[PDB]
Amino acid sequence: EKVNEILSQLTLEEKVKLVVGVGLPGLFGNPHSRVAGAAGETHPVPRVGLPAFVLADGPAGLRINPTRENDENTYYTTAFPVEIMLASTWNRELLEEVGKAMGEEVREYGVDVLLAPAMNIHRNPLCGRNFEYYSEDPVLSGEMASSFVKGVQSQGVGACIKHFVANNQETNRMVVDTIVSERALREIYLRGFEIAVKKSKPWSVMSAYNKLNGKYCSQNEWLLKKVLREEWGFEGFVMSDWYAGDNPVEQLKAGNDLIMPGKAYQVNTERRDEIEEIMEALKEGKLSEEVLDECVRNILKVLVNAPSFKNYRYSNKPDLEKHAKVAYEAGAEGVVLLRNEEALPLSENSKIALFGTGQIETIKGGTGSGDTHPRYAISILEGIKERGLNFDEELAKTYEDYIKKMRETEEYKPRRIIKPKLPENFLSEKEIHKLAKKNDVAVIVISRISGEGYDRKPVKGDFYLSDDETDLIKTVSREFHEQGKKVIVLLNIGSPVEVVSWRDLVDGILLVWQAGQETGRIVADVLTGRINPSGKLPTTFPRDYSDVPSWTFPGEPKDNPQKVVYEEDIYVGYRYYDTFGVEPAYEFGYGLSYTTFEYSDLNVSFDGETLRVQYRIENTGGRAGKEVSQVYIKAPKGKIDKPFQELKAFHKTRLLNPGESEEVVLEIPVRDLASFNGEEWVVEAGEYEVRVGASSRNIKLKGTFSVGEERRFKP
Ligand SMILES: OC[C@H]1O[C@@H](O)[C@H](O)[C@@H](O)[C@@H]1O
Ligand SMILES: [Br-]
Ligand SMILES: [Br-]
Ligand SMILES: [Br-]
Ligand SMILES: [Br-]
């Protein structure tokens, strides 16, 4: 009634104003948002009591300006582990807590909609934004997104899942035509969004930059209307990615309700002011007022529940200390232990020789709209210092002096904002021999960063180790093994890198990802064993880049892609490696622990409507720890080709003490068993295999059930 009331009072022009952003705030000619640094604002209409609503990034935490002009107050935010690390936790409960924490900050800093989470599929490891997406798998991705959204929206503010859909590379994202079969769309790319939309009901969806099978996502009626609304029952509103598309009236007709950030002419000379174009379209009858009304109603039905609509007095003082704890917990459960040949955790008071410039230039997250401005960011060295761990104080100072010396030089000083990659092999072969005799263990930091706007390359220094990095590892490993001592590598990265070439040279490998402000503290605590690694890969680590099935990336022509075809189709990530027998370096769902777990007591039952899978996990080791279990279903070959297996459920146990067990009970609706044959979702009759694994390739328990009657579901 409120909506219909306001809507009936709005003039034609006011309605048009409402469906377009007010321009990128604080840039070009534009005024700062009332929340300085916010990504966008809507047009206010005081006439009928409508305020401007505020939208802000992002996935790693709220991104706003830490300071303001003529202002003595602080506006620092919490910088959380990046999404790929959050996904590595495989912990829904925890994702919800992260959402609540962020949501509280969103609310109290005067923001109405958080531009998160990002949930595009990891099609290819080279995508520059992989760090801020969850997984190569739609179920993990959708489930983690759902938990996050619920946490955010329990705080009276809105989330926004992005980017819908198939935004799986950065190269020419604003222009590239993405060619994908409807099957790959429904099973892989749409699927995570479908799960999120139905389970967590986000206030909003952001349409992607790219074209999908010939049409901009922001101008795609099939995507935004037929699928999103008519099929899925989406009740929120759709906004465009910033400056996406080329036609404002086509956007509204397609079901893209809110055009952001507005004033596209400020960035692209060939674009008209969208308000003027829309007004003209209405005058000439290219656009009906009824279409406009529906778009306005979609926005208002959501935003009348926003804090700004009720003049909420935000405090500007969220409980950061409480949020820092949540950030720590998230990073703690998201570290992945990839290798441990009796190397971790480190013995108490062990003398550590810390290597790698990344020990100091620790990467807390990726760059772009998903960046953050925390009050502090604890480097790996600082974290070890803080915990009072025994390290080579001499060596640390040497590193500190070397970095400062390098960042001063013309070649390695920061330009425009990039930091040239520093040489890592600046130690003499004899110098390191010294370290091997003096210290007990070696710990090597390998760092990578990436970000919005750029894809990674399959070359040394990016996907592959640089020669200097390889030489460092080779020398450190030889010298320390010489002394009978262990060497550990910490992977401070945002997406997979080559590991096969060097992994057999070291004893321990900790995938530390990029863990936000608390990184150093998490890393130190993992090293000592205060934290028992419970993370598992949400993405496949290929032996070599050439093994990756999404070979068409980044499209054609390579240097300036106008199109990219998803030739691998549904066979992306582990679906490919399992189905066609290609062995990964480390598989989807892989992760080690400082303790051991035994799986037992499998019971599988199916009542025609629900698949029920039960089993027990016991801690059979000597240290407390959590275990992530994964339920894969292998469908019968039947009528249509299908992947070897597909993740359908997953679970993470409580913190189990030695000897403790927990009974796991997971239910899977029959519909989730379907494959899409191009027309309909079909659950084929026949025998299905239930595979309960500690990873996609470490199946602990197997059972079968049967579907007696074929089930069909029309979209
Ligand atoms: O900053 C607003 C938006 O900018 C765009 O370039 C990104 O693709 C979005 O993820 C972001 O929310
Ligand atoms: Br996607
Ligand atoms: Br290994
Ligand atoms: Br990276
Ligand atoms: Br192609």
# chains A, B, ... in the order shown; residues from 1 in each chain; ligands from 1
$ closest_atom_pairs --of "chain A" --to "ligand 1" --cutoff "10 Å" --atoms "only C-alpha atoms and all ligand atoms" --output "Markdown table"
| residue | atom | partner | partner_atom_place_in_ligand_line | distance |
| --- | --- | --- | --- | --- |
| A:24 | CA | ligand 1 | 2 (C) | 9.0 |
| A:37 | CA | ligand 1 | 1 (O) | 9.7 |
| A:38 | CA | ligand 1 | 1 (O) | 8.1 |
| A:39 | CA | ligand 1 | 1 (O) | 4.9 |
| A:40 | CA | ligand 1 | 2 (C) | 7.4 |
| A:55 | CA | ligand 1 | 2 (C) | 8.5 |
| A:56 | CA | ligand 1 | 1 (O) | 7.1 |
| A:57 | CA | ligand 1 | 12 (O) | 5.5 |
| A:58 | CA | ligand 1 | 12 (O) | 6.5 |
| A:59 | CA | ligand 1 | 10 (O) | 8.5 |
| A:63 | CA | ligand 1 | 1 (O) | 9.0 |
| A:114 | CA | ligand 1 | 12 (O) | 8.7 |
| A:115 | CA | ligand 1 | 12 (O) | 5.3 |
| A:116 | CA | ligand 1 | 12 (O) | 7.5 |
| A:117 | CA | ligand 1 | 10 (O) | 9.1 |
| A:118 | CA | ligand 1 | 10 (O) | 7.2 |
| A:129 | CA | ligand 1 | 10 (O) | 9.4 |
| A:132 | CA | ligand 1 | 10 (O) | 9.6 |
| A:160 | CA | ligand 1 | 12 (O) | 8.9 |
| A:161 | CA | ligand 1 | 10 (O) | 9.6 |
| A:162 | CA | ligand 1 | 10 (O) | 6.9 |
| A:163 | CA | ligand 1 | 10 (O) | 7.1 |
| A:167 | CA | ligand 1 | 8 (O) | 9.2 |
| A:170 | CA | ligand 1 | 8 (O) | 9.3 |
| A:173 | CA | ligand 1 | 8 (O) | 9.1 |
| A:174 | CA | ligand 1 | 8 (O) | 9.4 |
| A:206 | CA | ligand 1 | 12 (O) | 8.1 |
| A:207 | CA | ligand 1 | 8 (O) | 9.5 |
| A:208 | CA | ligand 1 | 8 (O) | 7.6 |
| A:209 | CA | ligand 1 | 8 (O) | 7.3 |
| A:240 | CA | ligand 1 | 3 (C) | 9.0 |
| A:241 | CA | ligand 1 | 5 (C) | 5.6 |
| A:242 | CA | ligand 1 | 5 (C) | 5.1 |
| A:243 | CA | ligand 1 | 6 (O) | 8.1 |
| A:244 | CA | ligand 1 | 5 (C) | 8.7 |
| A:260 | CA | ligand 1 | 2 (C) | 8.5 |
| A:261 | CA | ligand 1 | 2 (C) | 7.8 |
| A:368 | CA | ligand 1 | 6 (O) | 7.7 |
| A:369 | CA | ligand 1 | 1 (O) | 4.7 |
| A:370 | CA | ligand 1 | 10 (O) | 6.9 |
| A:371 | CA | ligand 1 | 1 (O) | 9.9 |
| A:452 | CA | ligand 1 | 8 (O) | 7.3 |
| A:453 | CA | ligand 1 | 6 (O) | 8.0 |
$ write_last_selection --atoms "N, CA and C atoms" --output "short mmCIF file (atom, residue, chain, number, x, y, z; two decimals), in the first residue's frame"
data_model
loop_
_atom_site.label_atom_id
_atom_site.label_comp_id
_atom_site.auth_asym_id
_atom_site.auth_seq_id
_atom_site.Cartn_x
_atom_site.Cartn_y
_atom_site.Cartn_z
N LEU A 24 28.35 9.09 -10.73
CA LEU A 24 29.36 8.57 -9.81
C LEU A 24 29.73 9.64 -8.79
N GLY A 37 32.57 8.28 -0.51
CA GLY A 37 33.22 7.10 -1.04
C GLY A 37 32.25 6.05 -1.55
N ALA A 38 30.97 6.22 -1.22
CA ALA A 38 29.95 5.28 -1.67
C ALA A 38 29.95 5.15 -3.20
N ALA A 39 29.52 4.00 -3.69
CA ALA A 39 29.57 3.72 -5.12
C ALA A 39 28.48 4.44 -5.91
N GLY A 40 27.34 4.68 -5.28
CA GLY A 40 26.24 5.34 -5.97
C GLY A 40 25.12 5.80 -5.06
N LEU A 55 24.28 3.23 -2.03
CA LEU A 55 24.83 1.93 -2.39
C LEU A 55 26.35 1.97 -2.29
N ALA A 56 26.94 0.90 -1.76
CA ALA A 56 28.39 0.86 -1.57
C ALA A 56 28.98 -0.54 -1.69
N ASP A 57 30.21 -0.62 -2.17
CA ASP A 57 30.98 -1.86 -2.16
C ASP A 57 31.44 -2.14 -0.73
N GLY A 58 31.89 -3.37 -0.45
CA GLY A 58 31.96 -4.44 -1.43
C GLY A 58 32.14 -5.79 -0.75
N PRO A 59 32.59 -6.80 -1.51
CA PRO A 59 32.70 -8.20 -1.07
C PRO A 59 33.68 -8.47 0.08
N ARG A 63 33.39 -0.54 1.55
CA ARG A 63 34.38 0.39 1.02
C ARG A 63 33.85 1.82 0.98
N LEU A 114 24.49 -3.00 0.30
CA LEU A 114 25.86 -3.44 0.13
C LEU A 114 26.02 -4.18 -1.21
N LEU A 115 27.02 -3.78 -1.99
CA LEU A 115 27.24 -4.37 -3.31
C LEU A 115 28.02 -5.68 -3.19
N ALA A 116 27.36 -6.69 -2.63
CA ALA A 116 27.98 -7.97 -2.32
C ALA A 116 26.88 -8.96 -1.97
N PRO A 117 27.15 -10.26 -2.11
CA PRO A 117 28.45 -10.82 -2.51
C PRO A 117 28.58 -10.98 -4.03
N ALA A 118 29.82 -11.06 -4.50
CA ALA A 118 30.10 -11.47 -5.88
C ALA A 118 30.11 -12.99 -5.90
N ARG A 129 39.31 -11.46 -11.06
CA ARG A 129 38.44 -11.27 -9.90
C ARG A 129 38.11 -12.56 -9.15
N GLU A 132 37.69 -12.58 -5.38
CA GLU A 132 36.43 -12.14 -4.77
C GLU A 132 35.19 -12.91 -5.23
N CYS A 160 23.37 -7.41 -2.49
CA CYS A 160 23.23 -7.42 -3.94
C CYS A 160 24.16 -8.45 -4.55
N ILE A 161 23.59 -9.56 -5.02
CA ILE A 161 24.39 -10.61 -5.64
C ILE A 161 24.82 -10.19 -7.04
N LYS A 162 26.08 -10.45 -7.37
CA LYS A 162 26.65 -10.02 -8.65
C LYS A 162 27.68 -11.05 -9.10
N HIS A 163 28.02 -11.08 -10.39
CA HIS A 163 27.39 -10.27 -11.44
C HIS A 163 26.62 -11.19 -12.39
N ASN A 167 29.97 -13.48 -15.95
CA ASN A 167 31.05 -12.50 -15.97
C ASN A 167 32.33 -13.18 -15.46
N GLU A 170 37.88 -10.69 -17.05
CA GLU A 170 37.93 -9.24 -17.01
C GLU A 170 38.19 -8.62 -18.38
N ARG A 173 35.40 -7.03 -20.62
CA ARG A 173 34.14 -7.42 -19.98
C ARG A 173 32.96 -6.55 -20.41
N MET A 174 33.23 -5.28 -20.70
CA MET A 174 32.16 -4.33 -21.01
C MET A 174 31.62 -4.51 -22.43
N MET A 206 22.71 -7.48 -9.40
CA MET A 206 23.40 -6.61 -10.34
C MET A 206 23.66 -7.33 -11.65
N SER A 207 23.18 -6.77 -12.75
CA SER A 207 23.39 -7.38 -14.06
C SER A 207 24.83 -7.14 -14.52
N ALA A 208 25.40 -8.12 -15.22
CA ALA A 208 26.81 -8.09 -15.58
C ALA A 208 27.12 -7.17 -16.77
N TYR A 209 28.40 -6.82 -16.90
CA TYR A 209 28.89 -5.99 -17.99
C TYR A 209 28.75 -6.66 -19.36
N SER A 240 22.09 -2.12 -12.78
CA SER A 240 23.13 -2.39 -13.76
C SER A 240 24.49 -2.30 -13.09
N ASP A 241 25.49 -2.99 -13.63
CA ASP A 241 26.84 -2.72 -13.19
C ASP A 241 27.16 -1.32 -13.70
N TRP A 242 28.19 -0.70 -13.13
CA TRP A 242 28.46 0.72 -13.35
C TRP A 242 28.79 1.04 -14.81
N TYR A 243 27.87 1.73 -15.48
CA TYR A 243 28.03 2.12 -16.89
C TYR A 243 27.81 0.97 -17.88
N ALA A 244 27.34 -0.17 -17.39
CA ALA A 244 27.11 -1.32 -18.28
C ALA A 244 26.03 -1.02 -19.33
N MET A 260 22.75 2.37 -13.09
CA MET A 260 23.84 2.93 -12.29
C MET A 260 25.14 3.07 -13.09
N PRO A 261 26.02 3.99 -12.66
CA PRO A 261 25.76 4.92 -11.56
C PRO A 261 25.00 6.16 -12.04
N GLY A 368 40.60 -2.94 -6.74
CA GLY A 368 39.39 -2.60 -7.45
C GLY A 368 38.25 -2.19 -6.53
N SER A 369 37.02 -2.33 -7.01
CA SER A 369 35.85 -1.94 -6.23
C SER A 369 35.70 -2.81 -4.98
N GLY A 370 36.37 -3.96 -4.99
CA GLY A 370 36.31 -4.88 -3.86
C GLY A 370 37.45 -4.71 -2.87
N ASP A 371 38.12 -3.56 -2.92
CA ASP A 371 39.20 -3.25 -2.00
C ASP A 371 38.61 -2.75 -0.68
N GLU A 452 40.17 -6.30 -10.15
CA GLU A 452 39.20 -5.94 -11.17
C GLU A 452 39.91 -5.27 -12.34
N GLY A 453 39.45 -5.55 -13.56
CA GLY A 453 39.95 -4.88 -14.74
C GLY A 453 41.09 -5.55 -15.50
#
$ residues_near_ligand --ligand "ligand 3" --cutoff "12 Å" --atoms "only C-alpha atoms and all ligand atoms" --output "ChimeraX atom specification"
/A:337-341,488-489,499-511,541,543,584-587,590-592
$ select_by_dssp --residues "region 440-669 of chain A" --states "helix (DSSP H, G or I)" --output "MDAnalysis selection string"
chainID A and resid 467:482 503:505 516:528 545:547 574:580
$ residues_near_ligand --ligand "ligand 4" --cutoff "10 Å" --atoms "only C-alpha atoms and all ligand atoms" --output "ChimeraX atom specification"
/A:125-131,363,365-366,447-451,455-456,462-463,492-497,513-514
$ closest_residue --among "A:464, A:355, A:545, A:164" --to "residue 476 (chain A)" --atoms "only C-alpha atoms"
A:355
$ closest_residue --among "A:227, A:547, A:686, A:421" --to "residue 638 (chain A)" --atoms "only C-alpha atoms"
A:686
$ closest_residue --among "A:435, A:564, A:377, A:631" --to "residue 172 (chain A)" --atoms "only C-alpha atoms"
A:564
$ residues_near_ligand --ligand "ligand 5" --cutoff "10 Å" --atoms "only C-alpha atoms and all ligand atoms" --output "ChimeraX atom specification"
/A:177-179,550-558,561-567
$ closest_atom_pairs --of "region 202-315 of chain A" --to "region 136-158 of chain A" --cutoff "7 Å" --atoms "only C-alpha atoms" --output "JSON lines"
{"residue": "A:202", "atom": "CA", "partner": "A:149", "partner_atom": "CA", "distance": 6.4}
{"residue": "A:203", "atom": "CA", "partner": "A:158", "partner_atom": "CA", "distance": 5.2}
{"residue": "A:306", "atom": "CA", "partner": "A:157", "partner_atom": "CA", "distance": 6.0}
{"residue": "A:307", "atom": "CA", "partner": "A:156", "partner_atom": "CA", "distance": 6.9}
$ write_last_selection --atoms "N, CA and C atoms" --output "mmCIF file, in the first residue's frame"
data_model
loop_
_atom_site.group_PDB
_atom_site.id
_atom_site.type_symbol
_atom_site.label_atom_id
_atom_site.label_comp_id
_atom_site.auth_asym_id
_atom_site.auth_seq_id
_atom_site.Cartn_x
_atom_site.Cartn_y
_atom_site.Cartn_z
ATOM 1 N N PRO A 202 17.786 -11.946 -1.811
ATOM 2 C CA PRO A 202 18.509 -10.674 -1.759
ATOM 3 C C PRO A 202 17.638 -9.524 -2.238
ATOM 4 N N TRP A 203 17.814 -8.357 -1.629
ATOM 5 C CA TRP A 203 17.097 -7.166 -2.053
ATOM 6 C C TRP A 203 17.310 -6.889 -3.533
ATOM 7 N N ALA A 306 14.418 0.129 3.536
ATOM 8 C CA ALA A 306 15.785 0.576 3.788
ATOM 9 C C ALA A 306 15.794 1.568 4.938
ATOM 10 N N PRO A 307 16.901 1.613 5.686
ATOM 11 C CA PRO A 307 16.993 2.535 6.821
ATOM 12 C C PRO A 307 16.759 3.989 6.407
#
$ residues_near_ligand --ligand "ligand 2" --cutoff "7 Å" --atoms "only C-alpha atoms and all ligand atoms" --output "compact mmCIF listing (two decimals) with C-alpha atoms, in the first residue's frame"
# COMPACT_ATOMS: atom_id res chain seq x y z
CA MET A 119 29.38 -15.04 -6.94
CA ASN A 120 30.48 -15.62 -10.53
CA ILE A 121 31.86 -19.09 -11.25
CA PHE A 164 24.40 -11.77 -13.28
CA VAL A 165 25.57 -13.64 -15.25
CA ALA A 166 28.65 -15.35 -16.78
CA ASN A 167 31.05 -12.50 -15.97
CA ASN A 168 34.00 -14.92 -15.87
CA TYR A 189 26.44 -20.26 -14.20
CA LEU A 190 22.84 -19.38 -13.35
$ atom_distance --atom1 "CA of residue 184 (chain A)" --atom2 "CA of residue 171 (chain A)"
21.0 Å
$ residues_around --residues "residue 521 (chain A)" --least-positions-apart "6" --cutoff "8 Å" --atoms "only C-alpha atoms" --output "MDAnalysis selection string"
chainID A and resid 328 378 380 383:384 386:387
$ write_last_selection --atoms "N, CA, C and O atoms" --output "short mmCIF file (atom, residue, chain, number, x, y, z; two decimals), in the first residue's frame"
data_model
loop_
_atom_site.label_atom_id
_atom_site.label_comp_id
_atom_site.auth_asym_id
_atom_site.auth_seq_id
_atom_site.Cartn_x
_atom_site.Cartn_y
_atom_site.Cartn_z
N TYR A 328 38.88 -12.58 12.10
CA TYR A 328 39.93 -13.52 12.48
C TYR A 328 39.42 -14.96 12.34
O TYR A 328 40.10 -15.81 11.78
N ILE A 378 47.67 -6.39 9.44
CA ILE A 378 48.80 -7.08 10.07
C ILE A 378 49.55 -7.94 9.07
O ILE A 378 49.02 -8.93 8.56
N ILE A 380 52.60 -10.55 7.77
CA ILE A 380 53.01 -11.84 8.30
C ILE A 380 54.15 -11.70 9.32
O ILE A 380 54.18 -12.40 10.33
N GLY A 383 52.77 -10.18 12.54
CA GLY A 383 51.98 -11.17 13.24
C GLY A 383 52.85 -12.10 14.06
O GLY A 383 52.55 -12.42 15.21
N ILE A 384 53.95 -12.53 13.45
CA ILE A 384 54.92 -13.38 14.15
C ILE A 384 55.58 -12.63 15.31
O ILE A 384 55.84 -13.21 16.36
N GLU A 386 54.18 -10.17 16.99
CA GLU A 386 53.14 -9.93 17.97
C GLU A 386 52.96 -11.15 18.88
O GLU A 386 52.78 -11.02 20.09
N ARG A 387 53.02 -12.33 18.27
CA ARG A 387 52.82 -13.58 19.00
C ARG A 387 54.08 -13.97 19.76
O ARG A 387 54.10 -14.97 20.47
#
$ select_by_dssp --residues "region 643-678 of chain A" --states "strand (DSSP E or B)" --output "PyMOL selection string"
chain A and resi 646-652+656+661-669+675-676
$ write_last_selection --atoms "N, CA, C and O atoms" --output "short mmCIF file (atom, residue, chain, number, x, y, z; two decimals), in the first residue's frame"
data_model
loop_
_atom_site.label_atom_id
_atom_site.label_comp_id
_atom_site.auth_asym_id
_atom_site.auth_seq_id
_atom_site.Cartn_x
_atom_site.Cartn_y
_atom_site.Cartn_z
N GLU A 646 28.71 -34.89 -9.12
CA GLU A 646 28.42 -33.50 -8.79
C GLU A 646 28.18 -33.31 -7.29
O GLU A 646 27.44 -34.07 -6.67
N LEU A 647 28.82 -32.30 -6.71
CA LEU A 647 28.58 -31.93 -5.32
C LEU A 647 27.12 -31.54 -5.15
O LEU A 647 26.63 -30.67 -5.87
N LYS A 648 26.43 -32.17 -4.21
CA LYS A 648 25.04 -31.82 -3.95
C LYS A 648 24.81 -31.33 -2.52
O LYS A 648 23.82 -30.65 -2.24
N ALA A 649 25.70 -31.71 -1.61
CA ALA A 649 25.61 -31.26 -0.22
C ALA A 649 27.00 -31.21 0.41
O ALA A 649 27.94 -31.80 -0.11
N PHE A 650 27.10 -30.50 1.53
CA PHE A 650 28.35 -30.45 2.29
C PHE A 650 28.08 -30.02 3.72
O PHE A 650 27.02 -29.48 4.03
N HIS A 651 29.06 -30.26 4.58
CA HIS A 651 28.89 -30.05 6.01
C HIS A 651 30.24 -29.75 6.65
O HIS A 651 31.28 -30.16 6.13
N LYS A 652 30.22 -29.03 7.76
CA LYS A 652 31.43 -28.84 8.55
C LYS A 652 31.11 -29.06 10.01
O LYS A 652 30.21 -28.44 10.57
N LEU A 656 35.87 -30.52 17.13
CA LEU A 656 35.89 -31.81 17.81
C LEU A 656 37.20 -32.03 18.54
O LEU A 656 38.28 -31.91 17.95
N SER A 661 33.02 -37.44 18.37
CA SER A 661 32.42 -37.63 17.06
C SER A 661 31.16 -36.77 16.91
O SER A 661 30.68 -36.18 17.88
N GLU A 662 30.65 -36.69 15.69
CA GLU A 662 29.43 -35.95 15.42
C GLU A 662 28.64 -36.66 14.33
O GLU A 662 29.22 -37.13 13.35
N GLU A 663 27.33 -36.75 14.51
CA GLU A 663 26.48 -37.36 13.49
C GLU A 663 26.00 -36.30 12.51
O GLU A 663 25.41 -35.30 12.90
N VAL A 664 26.28 -36.54 11.23
CA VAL A 664 25.92 -35.61 10.17
C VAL A 664 24.65 -36.07 9.46
O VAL A 664 24.52 -37.24 9.10
N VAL A 665 23.71 -35.15 9.28
CA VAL A 665 22.46 -35.47 8.61
C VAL A 665 22.18 -34.43 7.53
O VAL A 665 21.93 -33.26 7.83
N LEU A 666 22.22 -34.86 6.28
CA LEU A 666 22.01 -33.95 5.16
C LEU A 666 20.84 -34.40 4.30
O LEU A 666 20.71 -35.58 3.98
N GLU A 667 19.99 -33.45 3.92
CA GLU A 667 18.85 -33.76 3.07
C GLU A 667 18.95 -33.03 1.74
O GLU A 667 19.28 -31.84 1.69
N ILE A 668 18.67 -33.76 0.66
CA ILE A 668 18.75 -33.23 -0.69
C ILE A 668 17.42 -33.47 -1.40
O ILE A 668 17.03 -34.62 -1.61
N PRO A 669 16.73 -32.39 -1.76
CA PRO A 669 15.46 -32.49 -2.49
C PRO A 669 15.66 -33.12 -3.87
O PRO A 669 16.67 -32.86 -4.53
N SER A 675 19.31 -33.07 -14.29
CA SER A 675 20.16 -32.48 -15.31
C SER A 675 19.24 -31.76 -16.28
O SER A 675 18.06 -32.11 -16.39
N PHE A 676 19.77 -30.76 -16.98
CA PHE A 676 18.96 -29.99 -17.92
C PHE A 676 19.25 -30.43 -19.35
O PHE A 676 20.38 -30.32 -19.82
#
$ atom_distance --atom1 "CA of residue 53 (chain A)" --atom2 "CA of residue 111 (chain A)"
7.5 Å
$ closest_residue --among "A:600, A:256, A:605, A:546" --to "residue 618 (chain A)" --atoms "only C-alpha atoms"
A:600
$ atom_distance --atom1 "CA of residue 99 (chain A)" --atom2 "CA of residue 75 (chain A)"
18.9 Å
$ residues_around --residues "residue 69 (chain A)" --least-positions-apart "5" --cutoff "12 Å" --atoms "only C-alpha atoms" --output "PyMOL selection string"
chain A and resi 32+36+74
$ closest_residue --among "A:228, A:176, A:515, A:258" --to "residue 198 (chain A)" --atoms "only C-alpha atoms"
A:228
$ decode --residues "region 60-72 of chain A" --atoms "N, CA and C atoms" --output "tab-separated table (two decimals), in the first residue's frame"
chain	number	residue	atom	x	y	z
A	60	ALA	N	34.73	-7.67	0.23
A	60	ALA	CA	35.71	-7.90	1.29
A	60	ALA	C	35.43	-7.03	2.51
A	61	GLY	N	34.33	-6.29	2.46
A	61	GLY	CA	34.01	-5.35	3.51
A	61	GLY	C	33.56	-4.03	2.91
A	62	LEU	N	32.86	-3.23	3.70
A	62	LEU	CA	32.36	-1.94	3.24
A	62	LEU	C	33.50	-1.04	2.78
A	63	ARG	N	33.39	-0.54	1.55
A	63	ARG	CA	34.38	0.39	1.02
A	63	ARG	C	33.85	1.82	0.98
A	64	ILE	N	34.28	2.62	1.94
A	64	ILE	CA	33.98	4.05	1.96
A	64	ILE	C	35.25	4.79	2.38
A	65	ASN	N	35.25	6.11	2.25
A	65	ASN	CA	36.42	6.90	2.62
A	65	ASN	C	36.64	6.93	4.13
A	66	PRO	N	37.87	6.62	4.57
A	66	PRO	CA	38.23	6.56	5.99
A	66	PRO	C	38.16	7.94	6.64
A	67	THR	N	38.37	8.98	5.85
A	67	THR	CA	38.33	10.35	6.36
A	67	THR	C	37.46	11.23	5.48
A	68	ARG	N	37.11	12.40	6.00
A	68	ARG	CA	36.34	13.37	5.24
A	68	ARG	C	36.86	14.78	5.48
A	69	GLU	N	36.58	15.67	4.54
A	69	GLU	CA	37.01	17.06	4.64
A	69	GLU	C	36.24	17.76	5.75
A	70	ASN	N	36.89	18.72	6.40
A	70	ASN	CA	36.27	19.44	7.50
A	70	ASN	C	35.63	18.47	8.48
A	71	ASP	N	36.36	17.41	8.81
A	71	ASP	CA	35.83	16.34	9.66
A	71	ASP	C	36.94	15.73	10.50
A	72	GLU	N	36.70	15.62	11.80
A	72	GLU	CA	37.70	15.06	12.71
A	72	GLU	C	37.45	13.58	12.98
